[PDB]
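Student: One structure is given below, represented as structure tokens, and several questions about it will come after.
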Amino acid sequence: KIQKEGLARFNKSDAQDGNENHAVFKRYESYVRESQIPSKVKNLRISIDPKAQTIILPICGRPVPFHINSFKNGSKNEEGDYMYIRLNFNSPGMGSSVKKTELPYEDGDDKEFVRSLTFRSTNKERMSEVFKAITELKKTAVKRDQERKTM
Amino acid sequence: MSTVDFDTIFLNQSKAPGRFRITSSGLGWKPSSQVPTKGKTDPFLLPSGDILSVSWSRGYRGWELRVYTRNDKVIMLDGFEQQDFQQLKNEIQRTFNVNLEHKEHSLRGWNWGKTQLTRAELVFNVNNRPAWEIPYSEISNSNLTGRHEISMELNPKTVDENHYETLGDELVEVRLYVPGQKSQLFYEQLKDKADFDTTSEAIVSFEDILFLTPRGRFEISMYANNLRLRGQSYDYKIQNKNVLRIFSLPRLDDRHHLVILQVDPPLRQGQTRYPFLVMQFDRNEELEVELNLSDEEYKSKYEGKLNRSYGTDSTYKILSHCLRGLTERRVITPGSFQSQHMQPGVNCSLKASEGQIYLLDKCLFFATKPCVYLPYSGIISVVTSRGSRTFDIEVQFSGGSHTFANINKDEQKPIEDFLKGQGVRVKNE
């Protein structure tokens, strides 16, 4: 009875119409315009925008935004007079615990990814505060995304 | 002749502001005399003939003028206002016959894109817009750290007699992930364009060395200042200064010999770190090796430190001597400790990991992942506990305790007498 019931419920036309759950890239963006970059950013240093959920990194004299959803995790190391921060970003291979249905990046075999950036600074205290604030911003983002999924 | 000048402009991320000037002879920049910059006060001058192209884009301190030279160098001038664009465009066009290009950058915050090796800079594009560019002159080294992973080290901006003090947080290392069967070709093309030192002459190479931490068949190429480990998936460059200690320890199987390198900073493979490199040799493995050195360089630098040729001796001895001569580190051999079985070490378990403990003259050393080095000067007390044909040793130090379990009870007295002889406080529950 169940064999026939299943054969009736599922037709070969439904099999042809396969709603492949292509991973739905959750589209996020840090800024649309250069005028949205805060005036504070000017000391060629790491800065955090909690409003735009964005980490701004000093790459070769340019204020490069990275959205908190592209950020995976980081580490901090003290070495002589300098403090090092390594920031790791989401890439295939080094994947996060997210399911196959929703990727933090758009699907692409030809896409290359920034896997990690390592910075150094003479000021240890501020660099420790910046790392704490990045980690807190990630916790708040993950909590809001869980709350959304539960709702 | 209308000289156009801009005050408060910075050269290559300089801490001090300067005065920028455009002349028919070229570009000039001079630091403003108000800051005691231990440093030449000499004006930077770029001839008009060396200018190839000029781009205008958003920098940290306002707008940035990026000048591409015919000598594959990039000059960065930051601190311009948005109004300066019209004046700069007209003056650069009039003086050099070069178009000022406005380059918009990606602000999306995505870490994916396409890399593009341009003549003087590596460009990372996000949605057909540049997110960032790195001049090849800022890249110190590049190294494949994964079938799909490329690590670029950047020149540390410290103290050089020719560079202005930089202001801010400095980028030291960039790691890219290049999927597809593609990262090796990208690495080769980056090497050709960045013009890295070429015709390198390894002093000595050792092929097919089986490591244990991490396990792999690495080729070891030795140079004057650095050691290279080449592997099927990961290449490592270790500076000779970063080698802290060399251990040369016989395995208790009496068939193998361990050579162990302590490296600081510890080697990275993705997220895992290797502070100790553990190599495993056969004791019967013999190798003949001639050093690739000129007779003048050998006599001047390496006489009495290295042999010109090593005869057919055991590979681990030749390697240990070469490492001693190039790193100037002392090789630590087994100490005066002899087990009841006349062995140089004892079998034990550290947590779930089975291994061998060596009681060396200055330190206790465990040689199986994880590798544990304990200097006697850091040990507060050793407690022997009864689990029994076996007993356990808890070593207490200022940073915690390590329990070595499953040690044969016959080895208890030799270990206690040796540790008391080294001045370590032994407590017996």
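Line order of the protein sequences matches chains j and k. Just so you know, PDB author numbering puts 559 at position 58 of the first sequence, and the rest follows in order with no gaps. Numbering-wise, the second sequence is residues 1 to 181, 201 to 406, 412 to 453 according to PDB author numbering. We put the beta carbon where it would ideally sit given N, CA and C, even for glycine.
(1) Determine the extent of the alpha helix (DSSP H) in which k:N90 is found, giving its start and end residues.
(2) Is the Cβ of j:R645 closer than 9 Å to any Cβ of chain k?
(3) Starting from k:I417, trace the beta strand (DSSP E) in both directions and tell me its first and last residue.
(4) Taking the beta strand (DSSP E) that j:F572 falls in, what are its first and last residues?
(5) Taking the beta carbon of j:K601 as the centre, do at least 16 other beta carbons fall within 10 Å, making it buried, or is it exposed?
(6) Mind listing which residues of the stretch 245-279 of chain k have their C-beta closer than 9 Å to chain j's C-betas, in chain order?
(7) For k:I9, count neighbouring Cβ atoms within 10 angstroms of its own Cβ and tell me buried if that reaches 16, exposed if not.
(8) What does k:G113 pair with, by DSSP beta-bridge criteria?
(9) Taking k:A131 as the query, report the chain j residues whose CB atoms sit under 8 Å from its CB, ordered along the chain.
(10) Please name the residue in k:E165, k:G28 and k:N245 whose C-alpha comes closest to that of k:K15.
(11) Could you please give me the residues that DSSP links to k:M76 through a beta bridge?
(12) Per DSSP, which residues does j:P564 bridge with? Please list them.
(13) Can the beta-carbon of k:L268 be found closer than 9 Å to that of k:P156?
(14) Which same chain residues end up closer than 6 Å to k:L167 when comparing Cβ atoms and leaving out the 5 residues on each side of it in sequence?
(15) If you compare alpha carbons, which of k:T118, k:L209 and k:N326 is closest to k:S151?
(16) Buried or exposed: which applies to k:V401, given that a residue is buried once 16 or more other Cβ atoms fall within 10 Å of its Cβ?
(17) Measure how close the beta-carbons of residue 654 of chain j and k:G109 come, nearest whole angstrom, since I'm counting them as under 8 Å.
(18) Among k:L383, k:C390, k:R405 and k:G406, whose alpha-carbon lies nearest the alpha-carbon of k:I398?
(19) Would you kindly check if the distance between the Cβ of k:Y68 and the Cβ of residue 196 of chain k is under 9 Å?
(20) Mind listing the chain j neighbours of k:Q13? Cutoff is C-beta to C-beta under 9 Å, in chain order.
(21) Scan the stretch 110-144 of chain k for residues whose Cβ lies nearer than 8 Å to a Cβ of chain j and list them as they occur along the chain.
(22) Rounding to the nearest angstrom, what Cα-Cα distance links k:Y136 and k:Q82 in this structure?
(23) Could you spell out where the alpha helix (DSSP H) holding k:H105 opens and where it closes?
(24) Along the chain, where does the alpha helix (DSSP H) containing k:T352 start, and where does it finish?
(25) To the nearest angstrom, how far is it from the Cα of k:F295 to the Cα of j:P564?
(26) Would you mind sorting j:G596 into buried or exposed? The rule is 16 or more other CB atoms within 10 Å of its CB.
(27) k:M1 touches chain j at which residues, Cβ-Cβ below 8 Å?
(28) Using only alpha-carbon positions, find the residue among k:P36, k:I417, k:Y392 and k:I222 that is nearest to k:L338.
(29) With three or more C-beta pairs closer than 8 Å as the rule, is the stretch 641-650 of chain j touching the stretch 25-44 of chain k?
(30) Give a yes or no on whether the minimum CB-CB distance between k:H102 and chain j is below 9 Å.
(31) Give the single residue among k:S313, k:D169 and k:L144 whose Cα lies nearest to the Cα of k:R175.
(32) Please identify the residue among j:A509, j:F511, j:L558 and j:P539 whose C-alpha is closest to the C-alpha of j:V615.
(33) Taking 9 Å as the CB-CB cut-off, is j:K650 touching chain k?
(34) In three-state DSSP terms, what is j:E521?
(35) Which residues of chain j have a Cβ atom closer than 9 Å to the Cβ of k:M76, listed in chain order?
(36) Label k:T232 either buried or exposed according to how many other C-beta atoms from any shown protein chain fall within 10 Å of its C-beta, with 16 as the threshold for buried.
Tutor: Result, derived from the coordinates:
(1) The sequence position of residue 90 of chain k within the second sequence is 90, counting from 1. For k:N90, the enclosing alpha helix (DSSP H) has its first and last residue at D84 to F96.
(2) In the first sequence, counting from the first residue as 1, residue 645 of chain j sits at position 144. Not one chain k Cβ lies under 9 Å of j:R645.
(3) Here residue 417 of chain k is taken as the residue at index 393 of the second sequence, counted from 1. Per DSSP, the unbroken beta strand (DSSP E) holding k:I417 starts and ends at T414 to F421.
(4) On the first sequence, position 71 is the one that residue 572 of chain j refers to. j:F572 -> beta strand (DSSP E) spans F572 to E580.
(5) Working through the first sequence from its first residue, we reach residue 601 of chain j at position 100. Residue burial annotation: j:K601 is exposed, with fewer than 16 other C-beta atoms found within 10 angstroms of its C-beta.
(6) Cβ contacts with chain j: none found.
(7) Locating residue 9 of chain k in the second sequence gives position 9, where the first residue counts as 1. Result: buried.
(8) Translated into the one-based positions of the second sequence, residue 113 of chain k becomes position 113. The partner list for k:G113 (beta bridge, DSSP) reads j:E613.
(9) Reading the second sequence from its first residue, position 131 is the one you call residue 131 of chain k. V565, listed in chain order.
(10) For this step, residue 15 of chain k is matched to residue 15 along the second sequence. Considering only alpha carbons, the answer is k:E165.
(11) Within the second sequence, residue 76 of chain k is the residue found at index 76, counting from 1. Partner(s): k:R66.
(12) Working through the first sequence from its first residue, we reach residue 564 of chain j at position 63. Its beta-bridge partners are j:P559.
(13) Position 249 of the second sequence, counted from the first residue, corresponds to residue 268 of chain k. Position 156 of the second sequence, counted from the first residue, corresponds to residue 156 of chain k. No, Cβ-Cβ distance for k:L268 and k:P156 is not below 9 Å.
(14) The residue you call residue 167 of chain k lines up with position 167 of the second sequence. Result list for k:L167: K15, in chain order.
(15) By 1-based counting over the second sequence, the position of residue 151 of chain k is 151. Taking only the C-alpha atoms, the option nearest k:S151 is k:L209.
(16) Residue mapping note: residue 401 of chain k aligns to position 382 of the second sequence, counting from 1. The residue in question, k:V401, is buried, as its Cβ has 16 or more Cβ neighbours within 10 Å.
(17) One cannot answer for residue 654 of chain j here, as it falls past the ends of chain j, which runs 502 to 652.
(18) The sequence position of residue 398 of chain k within the second sequence is 379, counting from 1. It is k:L383.
(19) In this structure residue 196 of chain k is absent; chain k steps straight from 181 to 201.
(20) Here residue 13 of chain k refers to the residue found at position 13 when the second sequence is read from its first residue. In chain order: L545, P559, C561 and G562.
(21) Flagged, chain order: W110, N111, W112, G113, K114, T115, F124, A131, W132, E133, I134, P135 and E138.
(22) By 1-based counting over the second sequence, the position of residue 136 of chain k is 136. By 1-based counting over the second sequence, the position of residue 82 of chain k is 82. When only Cα atoms are considered, k:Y136 and k:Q82 end up about 28 Å apart.
(23) Translated into the one-based positions of the second sequence, residue 105 of chain k becomes position 105. Careful: k:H105 lies outside any alpha helix (DSSP H) and carries neither H nor E.
(24) Indexing the second sequence from 1 puts residue 352 of chain k at position 333. Where k:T352 is concerned, there is no enclosing alpha helix (DSSP H), because DSSP gives it neither an H nor an E.
(25) Sequence index remark: in the second sequence, residue 295 of chain k carries index 276 (1-based). Sequence index remark: in the first sequence, residue 564 of chain j carries index 63 (1-based). About 38 Å.
(26) For this step, residue 596 of chain j is matched to residue 95 along the first sequence. By the 16-neighbour rule on beta-carbons within 10 angstroms, j:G596 is exposed.
(27) As a working note, residue 1 of chain k is residue 1 in the second sequence. Residues of chain j passing the Cβ test: none, with the nearest at roughly 31 Å.
(28) Position 319 of the second sequence, counted from the first residue, corresponds to residue 338 of chain k. Among k:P36, k:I417, k:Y392 and k:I222, the Cα nearest to that of k:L338 belongs to k:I222.
(29) In short, these stretches do not touch, since the Cβ pair count stays below three.
(30) Numbered from 1 along the second sequence, position 102 holds the residue referred to as residue 102 of chain k. No, k:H102 lies away from the interface with chain j (no Cβ there is under 9 Å from its Cβ).
(31) For this step, residue 175 of chain k is matched to residue 175 along the second sequence. When only C-alpha atoms are compared, the closest one is k:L144.
(32) As a first step, residue 615 of chain j must be located in the first sequence, where it is residue number 114. The shortest Cα separation from j:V615 among j:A509, j:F511, j:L558 and j:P539 belongs to j:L558.
(33) Here the question's residue 650 of chain j lines up with position 149 in the first sequence. j:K650 does not count as touching chain k.
(34) The count along the first sequence starts at 1 and reaches residue 521 of chain j at position 20. Three-state result, j:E521: coil.
(35) As a working mapping, residue 76 of chain k is identified with position 76 in the second sequence. Near k:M76 (Cβ distances below 9 Å), the residues of chain j are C561 and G562.
(36) What you label residue 232 of chain k is simply residue 213 of the second sequence in a count that begins at 1. With 16 or more other Cβ atoms within 10 Å, it is buried.
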